[PDB]
Structures are given as structure tokens and as C-alpha cells.
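Just the one chain here, the form deposited in one PDB entry, laid out as C-alpha cells.
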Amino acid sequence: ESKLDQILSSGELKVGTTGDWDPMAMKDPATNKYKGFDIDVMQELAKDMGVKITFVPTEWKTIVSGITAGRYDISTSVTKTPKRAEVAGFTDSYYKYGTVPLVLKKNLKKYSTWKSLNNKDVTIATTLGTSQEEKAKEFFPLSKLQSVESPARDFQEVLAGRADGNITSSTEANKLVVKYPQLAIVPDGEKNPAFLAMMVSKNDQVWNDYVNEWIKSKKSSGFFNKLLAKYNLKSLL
């Protein structure tokens, strides 16, 4: 009695999404249309299945519960975690991210390593009260900290030369180095690597297999790496 059967017979694929994640899954302000990388992924899957997508709004706090309860067939991208996998299935991953450091480009030879940013003479900008700030204290215990309060942005301090570096997700960094060509990712790998995947019911092997099969097929023609580039996004190796 797999969801695969129900999706094909009904002609409808139900997709749970928060719609508040630029540029993975957003709603267009005026029109209220869903757009973004995960939306295009789901459009392609429904096209290949010969079915229509139904978007089912949810929030971060309930999006996993929407899978467990059967409010939708599949989620948009979420971070795969052991805790989440106790209750939900995940598809294969198509996007790897982690924490990386940003500096001004001109200061690359000076700050080419994590260790170079961990020094009494270096200032690291952080955002006050965040997860990110706690990680900066872990990675750069010898450095001087500039902890600014939202809405002030940590990266703006780096732009202004008031701090030498900051850290953020590779996703955000990729976006920032696009917008501010004067910035660069310190090329010394990433910390706390993690993976985005779609959730499906933990108890429906047949549907889980079907989506993984489709992902494998798409990967063989570079579909996801091309779609990531469409959005100027890039997966870590």
C-alpha cells in the first residue's frame, strides 16, 4: 500500500515545505508562487512521474511531524540528523555544506588557514547570541571577538576591515562571495560537514527506493549540479 501507488493513481505528489528559505524554497511576495532550488527539484520529479505537485505549507518546528503523520509524501531539503532519522526516512543527499571562514581577498596569503585566524592579533566578527558565535569561540579561542547585535551583520565588519574574518555556512559564504567579490573563503576545508536531503516516511521502503532511484538517474546527467549552479549555489565535495 505504498505512497508511490497512491501518488501515481491520484496524479498528485504532496510536498511539505516551510517556504521561508532563500533560495532553497521561497514564496514570491506578490504572486504567492513557490520558487527556488528545492521547488525546481520537486517540479522535475513530478514532471518525470507524470503527476501535479501539491504544496503543503508547514513550519520548521512541525515539518518532520508532517512526514510522520502523513500530511505530505515528501519534504523539501532539511538537514539530515540521527535524531530525525529515528522517526523519518531520508533520500540520498545531493548537497553538502559546512562552516567556513570568510576574509577579504587581499588578506588571503596572510589568512590561508583556520590556524592563521586563531591568534591574539586577529579579530573575528560574530553575531551576538548565535550558534555561529559559539563556534567561533571554539575555533578561534586565541583571537579577539567582535560580537555584534542583529540587525548589524557580522560580515559587514570584515568588509569594513574592523574584523579580519568571520565564519558562516558554506551556503551563506558562497552567496556572500558572489555579492562582495572583495571577500574570499579561506581554502582550508570546512568544519562540521552536514548534508541536506528530502524526508519521506520511514516505513515505506518502496517510495523511499523510488525517489532514490530517480535521484541516481538525475545525478548521472549532472541534473543537480546544474540546478545548483542555476542558483549560483555549490556543494562541497
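Between two forms, the rigid core is defined as the largest C-alpha subset superposing within 1.5 Å. When you see a residue number, it is the position in the sequence shown, counting from 1.
In this entry, 105 to 113 shows the higher mean Cα temperature factor of the pair 105 to 113 and 83 to 91. Higher mean CA B-factor, judged across 204 to 212 and 183 to 191 from the recorded values: 183 to 191. If you compare the C-alpha temperature factors of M199, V41, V178, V56 in the entry, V178 comes out highest. In the deposited entry, the Cα temperature factor of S220 sits in the top third of values across the chain's modelled residues. Per the deposited record, the Cα B-factor of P141 falls in the middle third when ranked against the other modelled residues of its chain. Among the modelled residues of its chain, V78 has a C-alpha B-factor that falls in the lowest third, as given in the PDB entry. Compared with the other modelled residues of the chain, the Cα B-factor recorded for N32 ranks in the highest third. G165: CA B factor lies in the middle third for its chain, per the PDB record.
Although not depicted, the form deposited in another entry is the subject of the following passage.
Residue shifts between the shown form and the other one, rigid core superposed: of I63, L45, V186, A173, the only C-alpha displaced by 2 Å or more belongs to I63. Once both forms are overlaid on the rigid core, the distance between the two CA positions of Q205 between the shown form and the other one is 2 angstroms or more.
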